[PDB]
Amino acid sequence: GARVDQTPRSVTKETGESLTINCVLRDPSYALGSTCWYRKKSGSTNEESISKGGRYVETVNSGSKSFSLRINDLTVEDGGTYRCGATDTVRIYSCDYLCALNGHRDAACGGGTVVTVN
């Protein structure tokens, strides 16, 4: 229904150097309403919400209709798969249920980003 596409799909970065994940809300969606970031740990295959601010920095351009996450001072166990969730000109109460809404015309999670740090 609604779609968000992630880049890059797989990246490996040197320890101590920042990494940037970009997410775009494809047309004909009007504008961004809210942006949620997520990560899962390699073992349990369950996702957890990434708290914005601090070490995790997000940049959003409304005119661009795109948002980015920048990780800093990378640790080796920062690795896993990362998803991003977006929504079209509406808002949500919690980031818990966003990806749970698949094919909805106003909510969509990205494709995923596999990160491995050495």
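From 1 onward, residues are counted along the sequence shown.
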Of the two stretches 8-16 and 102-110, which shows the higher Cα B-factor on average in the entry?
8-16
Stretch exceeding the other in mean C-alpha B-factor - 34-42, 84-92
34-42
Chain third (lowest, middle, highest) by recorded CA B-factor, residue given as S66
middle
Of the three thirds of Cα B-factor ranks in this chain, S29 occupies the lowest
